[PDB]
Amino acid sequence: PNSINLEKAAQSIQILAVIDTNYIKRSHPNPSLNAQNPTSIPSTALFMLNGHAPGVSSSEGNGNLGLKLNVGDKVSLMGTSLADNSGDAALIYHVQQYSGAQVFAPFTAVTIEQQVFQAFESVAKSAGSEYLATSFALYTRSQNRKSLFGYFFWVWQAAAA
């Protein structure tokens, strides 16, 4: 009973934010064109997903995520549209603390080329609850050419133990 050992390792968790760009376009017709002042959108406009691991849980689907993980766990966030950034493109450019404890280290952008991808990576360094704000640019495409629609952010919630 005091001889049961449990292998306990740091997890590496992939998170994908899936954004309903059509919905956003419809509900925010005149958004910010300043990336330093992004337009707040509600969490109803997107979906967040993550892979399972021991000690990790979430409200899968919810744009809020409600992630609970272990101190020590690494996270990697990417964003895309419902058509996987094939038409409109939703492209995250920053992740920052919004409320609560500094659970996560400052996020680092990492590029992955081949199509260029970008993930935003951190580690749960402290126990607590934290709300994160993630900013993204939304582009449309017309003559097979991207054009900026606006800059937006949403807030999501995480906790580590």
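Residues carry their position along the shown sequence, with the first being 1.
- In this entry, the higher average B-factor at the C-alpha atoms falls on 27 to 35, of the pair 99 to 107 and 27 to 35.
- Across the two stretches, 13 to 21 and 133 to 141, the PDB entry reports the greater mean Cα temperature factor for 133 to 141.
- For the set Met48, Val116, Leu67, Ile92, the PDB entry puts the maximum C-alpha B factor at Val116.
- Per the PDB record, residue ranking by Cα B-factor puts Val56 in the lowest third of the chain.
- Compared with the other modelled residues of the chain, the Cα B-factor recorded for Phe153 ranks in the lowest third.
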